[PDB]
file target_16.pdb (PDB, C-alpha atoms (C1' of nucleotides))
ATOM      1  CA  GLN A   1      -6.147  17.612 -47.445
ATOM      2  CA  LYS A   2      -3.787  16.982 -44.519
ATOM      3  CA  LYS A   3      -4.637  13.263 -44.721
ATOM      4  CA  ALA A   4      -3.700  12.821 -48.386
ATOM      5  CA  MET A   5      -1.853   9.677 -47.396
ATOM      6  CA  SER A   6      -4.339   7.042 -46.175
ATOM      7  CA  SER A   7      -6.843   8.628 -48.595
ATOM      8  CA  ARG A   8      -8.037   7.010 -51.807
ATOM      9  CA  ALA A   9      -6.317   8.425 -54.866
ATOM     10  CA  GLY A  10      -7.683   8.780 -58.385
ATOM     11  CA  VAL A  11     -11.305   9.017 -57.271
ATOM     12  CA  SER A  12     -11.564  12.112 -59.485
ATOM     13  CA  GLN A  13      -9.844  12.249 -62.876
ATOM     14  CA  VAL A  14      -9.468  14.673 -65.768
ATOM     15  CA  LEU A  15     -12.211  13.878 -68.277
ATOM     16  CA  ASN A  16     -10.775  12.281 -71.421
ATOM     17  CA  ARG A  17     -11.847  14.385 -74.416
ATOM     18  CA  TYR A  18      -9.480  12.955 -77.017
ATOM     19  CA  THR A  19     -12.389  11.437 -78.958
ATOM     20  CA  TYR A  20     -16.080  10.968 -78.270
ATOM     21  CA  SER A  21     -16.075   7.257 -77.409
ATOM     22  CA  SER A  22     -13.174   7.761 -74.994
ATOM     23  CA  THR A  23     -15.310  10.317 -73.142
ATOM     24  CA  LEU A  24     -18.327   8.004 -73.114
ATOM     25  CA  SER A  25     -16.175   5.194 -71.725
ATOM     26  CA  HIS A  26     -14.459   7.351 -69.088
ATOM     27  CA  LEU A  27     -17.887   8.380 -67.832
ATOM     28  CA  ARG A  28     -18.803   4.694 -67.299
ATOM     29  CA  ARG A  29     -15.577   3.452 -65.678
ATOM     30  CA  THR A  30     -15.212   1.501 -62.432
ATOM     31  CA  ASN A  31     -12.292   0.924 -60.066
ATOM     32  CA  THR A  32     -11.485  -1.809 -57.542
ATOM     33  CA  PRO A  33      -9.019  -0.312 -55.034
ATOM     34  CA  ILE A  34      -6.958  -3.468 -54.498
ATOM     35  CA  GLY A  35      -3.702  -1.742 -55.400
ATOM     36  CA  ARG A  36      -0.667  -3.116 -57.184
ATOM     37  CA  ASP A  37       1.104  -4.023 -53.920
ATOM     38  CA  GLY A  38       0.242  -7.708 -54.146
ATOM     39  CA  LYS A  39       0.373 -10.345 -56.875
ATOM     40  CA  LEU A  40      -3.025 -11.943 -56.192
ATOM     41  CA  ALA A  41      -4.314 -12.636 -59.705
ATOM     42  CA  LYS A  42      -7.731 -13.705 -58.389
ATOM     43  CA  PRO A  43      -9.441 -10.258 -58.217
ATOM     44  CA  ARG A  44      -8.045  -9.461 -61.677
ATOM     45  CA  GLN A  45      -9.886 -12.418 -63.216
ATOM     46  CA  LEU A  46     -12.953 -12.271 -65.432
ATOM     47  CA  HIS A  47     -15.650 -13.984 -63.389
ATOM     48  CA  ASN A  48     -18.848 -15.808 -64.266
ATOM     49  CA  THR A  49     -20.982 -13.262 -62.407
ATOM     50  CA  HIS A  50     -19.543 -10.481 -64.604
ATOM     51  CA  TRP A  51     -21.950 -11.507 -67.394
TER      52      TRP A  51
ATOM     53  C1'  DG B   1       8.998  -6.795 -35.059
ATOM     54  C1'  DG B   2      10.903  -5.327 -40.697
ATOM     55  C1'  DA B   3      11.870  -5.835 -46.081
ATOM     56  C1'  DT B   4      11.423  -6.615 -50.921
ATOM     57  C1'  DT B   5       7.862  -6.951 -55.176
ATOM     58  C1'  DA B   6      10.341  -5.626 -63.993
ATOM     59  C1'  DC B   7      12.779  -2.178 -67.534
ATOM     60  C1'  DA B   8      12.627   2.044 -70.766
ATOM     61  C1'  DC B   9       9.659   6.148 -72.638
ATOM     62  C1'  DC B  10       5.310   9.899 -73.287
ATOM     63  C1'  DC B  11       1.620  13.264 -71.506
ATOM     64  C1'  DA B  12      -1.452  16.102 -68.089
ATOM     65  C1'  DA B  13      -2.794  18.381 -63.289
ATOM     66  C1'  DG B  14      -2.304  20.669 -58.409
ATOM     67  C1'  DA B  15       0.553  22.864 -54.543
ATOM     68  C1'  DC B  16       4.952  25.235 -53.512
ATOM     69  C1'  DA B  17       1.398  25.153 -44.806
ATOM     70  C1'  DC B  18      -2.141  28.971 -41.775
ATOM     71  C1'  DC B  19      -3.547  29.559 -36.986
ATOM     72  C1'  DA B  20      -3.770  28.438 -32.554
ATOM     73  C1'  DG B  21      -1.888  27.266 -27.338
ATOM     74  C1'  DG B  22       2.914  27.481 -25.015
ATOM     75  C1'  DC B  23       7.516  30.782 -23.005
ATOM     76  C1'  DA B  24       8.173  35.196 -20.689
ATOM     77  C1'  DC B  25       6.712  37.849 -17.971
ATOM     78  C1'  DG B  26       2.537  39.220 -15.329
ATOM     79  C1'  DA B  27       0.237  39.424 -10.731
ATOM     80  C1'  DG B  28      -2.640  36.480  -6.121
ATOM     81  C1'  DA B  29      -2.662  31.990  -2.123
ATOM     82  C1'  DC B  30      -1.957  27.823   0.596
ATOM     83  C1'  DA B  31       1.252  25.115   0.473
ATOM     84  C1'  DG B  32       6.806  24.167   0.751
ATOM     85  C1'  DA B  33       8.916  25.701   4.360
ATOM     86  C1'  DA B  34      10.664  28.995   8.661
ATOM     87  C1'  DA B  35       9.905  31.555  13.626
ATOM     88  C1'  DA B  36       7.784  31.486  18.226
ATOM     89  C1'  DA B  37       5.430  30.320  22.785
ATOM     90  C1'  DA B  38       2.765  27.679  26.261
ATOM     91  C1'  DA B  39       1.449  23.691  28.237
ATOM     92  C1'  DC B  40       4.546  19.573  28.145
ATOM     93  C1'  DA B  41       8.734  16.715  31.094
ATOM     94  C1'  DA B  42      12.052  17.307  34.842
ATOM     95  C1'  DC B  43      14.130  19.284  39.308
ATOM     96  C1'  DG B  44      14.895  22.599  44.112
ATOM     97  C1'  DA B  45      12.294  23.860  48.776
ATOM     98  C1'  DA B  46       8.619  23.320  52.632
ATOM     99  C1'  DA B  47       4.738  20.123  55.376
ATOM    100  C1'  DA B  48       2.959  16.876  57.675
ATOM    101  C1'  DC B  49       1.380  12.232  57.514
ATOM    102  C1'  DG B  50       2.594   7.341  56.626
ATOM    103  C1'  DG B  51       6.273   4.091  58.218
ATOM    104  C1'  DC B  52       9.261   1.586  62.008
ATOM    105  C1'  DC B  53      10.082  -0.019  66.906
ATOM    106  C1'  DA B  54       7.427  -0.637  71.541
ATOM    107  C1'  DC B  55       3.847  -2.417  74.085
ATOM    108  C1'  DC B  56       0.922  -5.473  74.423
ATOM    109  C1'  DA B  57      -3.154  -9.535  74.904
ATOM    110  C1'  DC B  58      -5.940 -13.098  73.069
ATOM    111  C1'  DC B  59      -5.927 -16.916  69.404
ATOM    112  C1'  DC B  60      -3.516 -20.570  66.932
ATOM    113  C1'  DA B  61       0.292 -24.206  67.315
ATOM    114  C1'  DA B  62       2.704 -28.111  69.745
ATOM    115  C1'  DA B  63       2.849 -32.050  73.428
ATOM    116  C1'  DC B  64       0.432 -35.679  76.026
ATOM    117  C1'  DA B  65      -2.549 -39.071  75.888
ATOM    118  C1'  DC B  66      -6.932 -41.445  74.721
ATOM    119  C1'  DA B  67      -9.525 -44.964  71.607
ATOM    120  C1'  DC B  68      -9.807 -46.093  66.681
ATOM    121  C1'  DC B  69      -8.508 -47.647  62.415
ATOM    122  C1'  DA B  70      -5.431 -49.158  58.407
ATOM    123  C1'  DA B  71      -2.294 -52.654  57.619
ATOM    124  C1'  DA B  72       1.247 -56.693  57.227
ATOM    125  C1'  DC B  73       3.864 -61.830  57.950
ATOM    126  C1'  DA B  74       2.073 -66.271  58.500
ATOM    127  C1'  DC B  75      -0.878 -70.725  60.543
ATOM    128  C1'  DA B  76      -4.202 -72.284  58.914
ATOM    129  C1'  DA B  77      -7.384 -73.412  55.419
ATOM    130  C1'  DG B  78      -8.096 -74.317  50.549
ATOM    131  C1'  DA B  79      -7.595 -76.101  44.533
TER     132       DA B  79
END

call {"tool": "encode", "arguments": {"input": "target_16.pdb", "output": "structure tokens"}}
result
Amino acid sequence: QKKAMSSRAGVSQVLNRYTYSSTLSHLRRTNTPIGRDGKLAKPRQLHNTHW
DNA sequence: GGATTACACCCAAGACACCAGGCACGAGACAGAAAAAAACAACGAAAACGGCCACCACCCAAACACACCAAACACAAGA
């Protein structure tokens, strides 16, 4: 708790219960912790290996 | 080494320090530092033995001369 800075944020989130498919999608979500500090468009790109 | 990286708006969710060694006071012990005395240097006073002038005699130094040897112009030889 005392190291909230330098800790990953948003690893836990409030489950989305607006509709059923939103819940099913939130339970299957993934996150790359690149951060928005940086305009490198490469890791944002759909890649061949994503198939 | 720092410093900057769209603009506006909506919603939800959690916390809004707890707990542990330092300042003061709280008391011992060798070290930060102070007091003393005894073997350290010198100087005053007495004792007698080492130092200076005689006396003295035998051993080294100088003179005389010896024969002996090293040596130096030159009459002769020589290329």

call {"tool": "closest_atom_pairs", "arguments": {"input": "target_16.pdb", "of": "chain B", "to": "chain A", "cutoff": "10 Å", "atoms": "all atoms listed in the file", "output": "Markdown table"}}
result
| residue | atom | partner | partner_atom | distance |
| --- | --- | --- | --- | --- |
| B:5 | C1' | A:37 | CA | 7.5 |
| B:12 | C1' | A:14 | CA | 8.5 |
| B:13 | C1' | A:14 | CA | 8.0 |
| B:17 | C1' | A:2 | CA | 9.7 |

call {"tool": "resolve_selection", "arguments": {"input": "target_16.pdb", "expression": "the PyMOL selection byres ((chain A and resi 8) around 12)", "output": "ChimeraX atom specification"}}
result
/A:1,3-7,9-12,31-35

call {"tool": "write_last_selection", "arguments": {"input": "target_16.pdb", "atoms": "C-alpha atoms", "output": "PDB file, keeping the file's coordinate frame"}}
result
ATOM      1  CA  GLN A   1      -6.147  17.612 -47.445  1.00  0.00           C
ATOM      2  CA  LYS A   3      -4.637  13.263 -44.721  1.00  0.00           C
ATOM      3  CA  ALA A   4      -3.700  12.821 -48.386  1.00  0.00           C
ATOM      4  CA  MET A   5      -1.853   9.677 -47.396  1.00  0.00           C
ATOM      5  CA  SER A   6      -4.339   7.042 -46.175  1.00  0.00           C
ATOM      6  CA  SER A   7      -6.843   8.628 -48.595  1.00  0.00           C
ATOM      7  CA  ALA A   9      -6.317   8.425 -54.866  1.00  0.00           C
ATOM      8  CA  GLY A  10      -7.683   8.780 -58.385  1.00  0.00           C
ATOM      9  CA  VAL A  11     -11.305   9.017 -57.271  1.00  0.00           C
ATOM     10  CA  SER A  12     -11.564  12.112 -59.485  1.00  0.00           C
ATOM     11  CA  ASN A  31     -12.292   0.924 -60.066  1.00  0.00           C
ATOM     12  CA  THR A  32     -11.485  -1.809 -57.542  1.00  0.00           C
ATOM     13  CA  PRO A  33      -9.019  -0.312 -55.034  1.00  0.00           C
ATOM     14  CA  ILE A  34      -6.958  -3.468 -54.498  1.00  0.00           C
ATOM     15  CA  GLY A  35      -3.702  -1.742 -55.400  1.00  0.00           C
TER      16      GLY A  35
END

call {"tool": "atom_distance", "arguments": {"input": "target_16.pdb", "atom1": "atom CA of residue 42 of chain A", "atom2": "atom CA of residue 30 of chain A"}}
result
17.4 Å

call {"tool": "axis_aligned_box", "arguments": {"input": "target_16.pdb", "around": "segment 11-19 of chain A", "padding_each_side": "6 Å", "output": "AutoDock Vina command-line options"}}
result
--center_x -10.9 --center_y 11.8 --center_z -68.1 --size_x 14.9 --size_y 17.7 --size_z 33.7

call {"tool": "atom_distance", "arguments": {"input": "target_16.pdb", "atom1": "atom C1' of residue 11 of chain B", "atom2": "atom CA of residue 17 of chain A"}}
result
13.8 Å

call {"tool": "atom_distance", "arguments": {"input": "target_16.pdb", "atom1": "atom CA of residue 26 of chain A", "atom2": "atom CA of residue 40 of chain A"}}
result
25.9 Å

call {"tool": "build_atoms", "arguments": {"input": "target_16.pdb", "residues": "segment 19-51 of chain A", "atoms": "N, CA and C atoms", "output": "PDB file, in the coordinates of the input"}}
result
ATOM      1  N   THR A  19     -11.354  11.736 -77.981  1.00  0.00           N
ATOM      2  CA  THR A  19     -12.389  11.437 -78.958  1.00  0.00           C
ATOM      3  C   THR A  19     -13.670  11.155 -78.191  1.00  0.00           C
ATOM      4  N   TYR A  20     -14.775  11.020 -78.921  1.00  0.00           N
ATOM      5  CA  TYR A  20     -16.080  10.968 -78.270  1.00  0.00           C
ATOM      6  C   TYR A  20     -16.278   9.673 -77.492  1.00  0.00           C
ATOM      7  N   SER A  21     -15.889   8.541 -78.078  1.00  0.00           N
ATOM      8  CA  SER A  21     -16.075   7.257 -77.409  1.00  0.00           C
ATOM      9  C   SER A  21     -15.198   7.141 -76.173  1.00  0.00           C
ATOM     10  N   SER A  22     -14.016   7.752 -76.188  1.00  0.00           N
ATOM     11  CA  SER A  22     -13.174   7.761 -74.994  1.00  0.00           C
ATOM     12  C   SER A  22     -13.856   8.504 -73.852  1.00  0.00           C
ATOM     13  N   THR A  23     -14.545   9.603 -74.160  1.00  0.00           N
ATOM     14  CA  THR A  23     -15.310  10.317 -73.142  1.00  0.00           C
ATOM     15  C   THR A  23     -16.457   9.461 -72.624  1.00  0.00           C
ATOM     16  N   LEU A  24     -17.204   8.833 -73.537  1.00  0.00           N
ATOM     17  CA  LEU A  24     -18.327   8.004 -73.114  1.00  0.00           C
ATOM     18  C   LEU A  24     -17.867   6.841 -72.253  1.00  0.00           C
ATOM     19  N   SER A  25     -16.690   6.290 -72.535  1.00  0.00           N
ATOM     20  CA  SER A  25     -16.175   5.194 -71.725  1.00  0.00           C
ATOM     21  C   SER A  25     -15.667   5.688 -70.376  1.00  0.00           C
ATOM     22  N   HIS A  26     -14.939   6.811 -70.353  1.00  0.00           N
ATOM     23  CA  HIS A  26     -14.459   7.351 -69.088  1.00  0.00           C
ATOM     24  C   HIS A  26     -15.605   7.671 -68.146  1.00  0.00           C
ATOM     25  N   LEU A  27     -16.743   8.094 -68.689  1.00  0.00           N
ATOM     26  CA  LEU A  27     -17.887   8.380 -67.832  1.00  0.00           C
ATOM     27  C   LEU A  27     -18.561   7.130 -67.283  1.00  0.00           C
ATOM     28  N   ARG A  28     -18.175   5.937 -67.737  1.00  0.00           N
ATOM     29  CA  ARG A  28     -18.803   4.694 -67.299  1.00  0.00           C
ATOM     30  C   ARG A  28     -17.799   3.739 -66.666  1.00  0.00           C
ATOM     31  N   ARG A  29     -16.674   4.258 -66.184  1.00  0.00           N
ATOM     32  CA  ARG A  29     -15.577   3.452 -65.678  1.00  0.00           C
ATOM     33  C   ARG A  29     -15.763   3.130 -64.198  1.00  0.00           C
ATOM     34  N   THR A  30     -15.089   2.065 -63.767  1.00  0.00           N
ATOM     35  CA  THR A  30     -15.212   1.501 -62.432  1.00  0.00           C
ATOM     36  C   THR A  30     -13.816   1.127 -61.947  1.00  0.00           C
ATOM     37  N   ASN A  31     -13.618   1.137 -60.630  1.00  0.00           N
ATOM     38  CA  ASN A  31     -12.292   0.924 -60.066  1.00  0.00           C
ATOM     39  C   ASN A  31     -12.380   0.098 -58.791  1.00  0.00           C
ATOM     40  N   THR A  32     -11.645  -1.019 -58.756  1.00  0.00           N
ATOM     41  CA  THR A  32     -11.485  -1.809 -57.542  1.00  0.00           C
ATOM     42  C   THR A  32     -10.191  -1.397 -56.861  1.00  0.00           C
ATOM     43  N   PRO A  33     -10.234  -0.870 -55.637  1.00  0.00           N
ATOM     44  CA  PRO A  33      -9.019  -0.312 -55.034  1.00  0.00           C
ATOM     45  C   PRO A  33      -8.139  -1.354 -54.359  1.00  0.00           C
ATOM     46  N   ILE A  34      -7.861  -2.463 -55.050  1.00  0.00           N
ATOM     47  CA  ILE A  34      -6.958  -3.468 -54.498  1.00  0.00           C
ATOM     48  C   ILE A  34      -5.555  -2.902 -54.350  1.00  0.00           C
ATOM     49  N   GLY A  35      -5.076  -2.204 -55.368  1.00  0.00           N
ATOM     50  CA  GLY A  35      -3.702  -1.742 -55.400  1.00  0.00           C
ATOM     51  C   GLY A  35      -2.791  -2.771 -56.040  1.00  0.00           C
ATOM     52  N   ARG A  36      -1.656  -2.274 -56.529  1.00  0.00           N
ATOM     53  CA  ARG A  36      -0.667  -3.116 -57.184  1.00  0.00           C
ATOM     54  C   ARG A  36       0.328  -3.742 -56.220  1.00  0.00           C
ATOM     55  N   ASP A  37       0.297  -3.364 -54.945  1.00  0.00           N
ATOM     56  CA  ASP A  37       1.104  -4.023 -53.920  1.00  0.00           C
ATOM     57  C   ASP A  37       0.452  -5.357 -53.583  1.00  0.00           C
ATOM     58  N   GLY A  38       0.831  -6.398 -54.317  1.00  0.00           N
ATOM     59  CA  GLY A  38       0.242  -7.708 -54.146  1.00  0.00           C
ATOM     60  C   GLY A  38      -0.029  -8.390 -55.472  1.00  0.00           C
ATOM     61  N   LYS A  39       0.442  -9.623 -55.613  1.00  0.00           N
ATOM     62  CA  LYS A  39       0.373 -10.345 -56.875  1.00  0.00           C
ATOM     63  C   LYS A  39      -0.805 -11.310 -56.946  1.00  0.00           C
ATOM     64  N   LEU A  40      -1.835 -11.106 -56.124  1.00  0.00           N
ATOM     65  CA  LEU A  40      -3.025 -11.943 -56.192  1.00  0.00           C
ATOM     66  C   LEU A  40      -3.743 -11.724 -57.516  1.00  0.00           C
ATOM     67  N   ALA A  41      -3.672 -12.711 -58.405  1.00  0.00           N
ATOM     68  CA  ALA A  41      -4.314 -12.636 -59.705  1.00  0.00           C
ATOM     69  C   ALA A  41      -5.804 -12.934 -59.646  1.00  0.00           C
ATOM     70  N   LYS A  42      -6.319 -13.346 -58.483  1.00  0.00           N
ATOM     71  CA  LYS A  42      -7.731 -13.705 -58.389  1.00  0.00           C
ATOM     72  C   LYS A  42      -8.663 -12.520 -58.626  1.00  0.00           C
ATOM     73  N   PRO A  43      -8.506 -11.362 -57.965  1.00  0.00           N
ATOM     74  CA  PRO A  43      -9.441 -10.258 -58.217  1.00  0.00           C
ATOM     75  C   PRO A  43      -9.284  -9.624 -59.588  1.00  0.00           C
ATOM     76  N   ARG A  44      -8.236  -9.957 -60.325  1.00  0.00           N
ATOM     77  CA  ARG A  44      -8.045  -9.461 -61.677  1.00  0.00           C
ATOM     78  C   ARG A  44      -8.761 -10.311 -62.717  1.00  0.00           C
ATOM     79  N   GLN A  45      -9.388 -11.406 -62.300  1.00  0.00           N
ATOM     80  CA  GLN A  45      -9.886 -12.418 -63.216  1.00  0.00           C
ATOM     81  C   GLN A  45     -11.309 -12.100 -63.661  1.00  0.00           C
ATOM     82  N   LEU A  46     -11.584 -12.335 -64.942  1.00  0.00           N
ATOM     83  CA  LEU A  46     -12.953 -12.271 -65.432  1.00  0.00           C
ATOM     84  C   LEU A  46     -13.752 -13.405 -64.804  1.00  0.00           C
ATOM     85  N   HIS A  47     -14.881 -13.061 -64.203  1.00  0.00           N
ATOM     86  CA  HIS A  47     -15.650 -13.984 -63.389  1.00  0.00           C
ATOM     87  C   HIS A  47     -16.983 -14.279 -64.062  1.00  0.00           C
ATOM     88  N   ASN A  48     -17.570 -15.415 -63.685  1.00  0.00           N
ATOM     89  CA  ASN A  48     -18.848 -15.808 -64.266  1.00  0.00           C
ATOM     90  C   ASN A  48     -19.924 -14.768 -64.000  1.00  0.00           C
ATOM     91  N   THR A  49     -19.947 -14.211 -62.789  1.00  0.00           N
ATOM     92  CA  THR A  49     -20.982 -13.262 -62.407  1.00  0.00           C
ATOM     93  C   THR A  49     -20.840 -11.923 -63.115  1.00  0.00           C
ATOM     94  N   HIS A  50     -19.731 -11.694 -63.821  1.00  0.00           N
ATOM     95  CA  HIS A  50     -19.543 -10.481 -64.604  1.00  0.00           C
ATOM     96  C   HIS A  50     -20.458 -10.399 -65.820  1.00  0.00           C
ATOM     97  N   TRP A  51     -21.133 -11.488 -66.185  1.00  0.00           N
ATOM     98  CA  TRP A  51     -21.950 -11.507 -67.394  1.00  0.00           C
ATOM     99  C   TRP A  51     -23.041 -10.442 -67.351  1.00  0.00           C
TER     100      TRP A  51
END
